[PDB]
């Protein structure tokens, strides 16, 4: 009996777990959730995430939330080589660039991507000040990324981590704007990305969320 990825396939949080599991090879069924009815906020979803969010990933009697916790369990079933926790120096850095995403990448991206995508489709318009400010930010943050792989071939060094995979969900949405010309004038990160895109679980993902939202 496979795993249920709860919540909508639009969200890069959720198209984060599924990049984990599809790369994992896990067994995952996505079960969509109704925000319209508030079913993310029932007793029925107040076992799967007691704040009231998605993703979850139910597994037997397992209720795991948060995106990046969830995306880990993918790793330690499926290819634990994604984690690399045979090595307290290699697990070290895989957790450096796991975190560098949540706090330096996404954190600059998110601001561009709910201004050119969440806000407009909600009736507000693109606030271009706040587009510009985080573009800059995401520039800076893109410098480091270039260096890191101007040297190492990847992010936690020279193997496929959970770190890299964690990057694509939200990055695909840049390519859903014309704002992913940033990715190109840094040459080592661009070509890095393509790599992931080439990989054929970005592709299930990169068509998972393409169709509908």
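Residue numbers count along the first chain shown, from 1.
Across the two stretches, 70-78 and 122-130, the PDB entry reports the greater mean Cα temperature factor for 70-78.
If you average the C-alpha B-factors over 203-211 and over 2-10, the higher value belongs to 203-211.
Highest C-alpha temperature factor among 46, 38, 173, 152 per the entry: 152. Out of 147, 64, 160, 31, the entry records its largest CA B-factor for 160. Among all modelled residues in its chain, residue 90 ranks in the middle third by Cα B-factor.
Among all modelled residues in this chain, the alpha-carbon of residue 169 has a temperature factor (C-alpha) in the middle third. Per the PDB record, residue ranking by Cα B-factor puts residue 84 in the highest third of the chain.
Residue 21 sits in the middle third of its chain by CA B factor, as recorded in the PDB entry.
Annotation for residue 156: CA B-factor lies in the highest third of the chain's modelled residues.
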